[PDB]
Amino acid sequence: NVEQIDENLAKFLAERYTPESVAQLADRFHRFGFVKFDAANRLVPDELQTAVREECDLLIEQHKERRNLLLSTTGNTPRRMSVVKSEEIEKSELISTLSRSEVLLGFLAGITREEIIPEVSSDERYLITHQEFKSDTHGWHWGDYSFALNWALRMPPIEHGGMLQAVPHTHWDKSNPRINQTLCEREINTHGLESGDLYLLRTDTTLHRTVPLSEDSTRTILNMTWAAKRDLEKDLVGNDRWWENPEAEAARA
């Protein structure tokens, strides 16, 4: 562990990725607000991901918090899932140091074409969403920050739902979200995911959701949220931090 994680990851990335291949991924990240790291574009060693998935499975069994609400700041889109707060995930030494790894952040900076600053709100650095029932979903929303590295730790079959639908090049107006109006004006990109996949999401300008589960399954994702230069010194508004506080102002039943 320790610095060997950064050293092994730096070797793990130098075997598959070049500046030219990263520049092609950067063009896709701007066009879609989304790039996927699957079997043909792996991001972390399989042993490292297994250690992260085992850490998340332990945090879930210890700190599972069921959520079933609607967020008024996002057009009353539902939040039907179980979550693990950011303060509980920070206690994991593996997830915390990896989220601030100068190797992982520096490499992904070539895809975002801008600095990836790990300075966000202490209640939003990390988030684990655990969907396991029918109609569980992460409704249409944006992100308060610019970037998010989501770990598709557990993915149900595609025929069972759970895909990530996205609409890039949008914005979040918490007083007038216009989610259904944006769908009428813009085409929706549906991104299928499999267990083990990772993907970078430009969360501030991509209206995105997860297709609700069509039956009882299991959908687990670890969220690593990072801020850009535009997110610094900005005031957090909305009173809609539903994951940390289930009784937030914007959180309705």
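For every residue, the number given is its place in the sequence shown, counted from 1.
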{"item": "Given 42-50 and 206-214, the range whose Cα B-factors average higher in the PDB entry", "value": "42-50"}
{"item": "230-238 versus 20-28 - greater average Cα B-factor per the deposited record", "value": "230-238"}
{"item": "Residue selected from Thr137, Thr97, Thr74, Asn180 by maximal Cα B factor", "value": "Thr97"}
{"item": "Top Cα B factor in the deposited entry, candidates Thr170, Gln165, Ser101, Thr129", "value": "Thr129"}
{"item": "Chain third (lowest, middle, highest) by recorded CA B-factor, residue given as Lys91", "value": "highest"}
{"item": "Third assignment of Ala251 from its chain's C-alpha B-factors", "value": "middle"}
{"item": "Chain third (lowest, middle, highest) by recorded CA B-factor, residue given as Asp197", "value": "middle"}
{"item": "Where the record places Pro118 (Cα B-factor, split into thirds across the chain)", "value": "highest"}
{"item": "Third of the chain's Cα B-factor distribution that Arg219 belongs to, per the entry", "value": "lowest"}
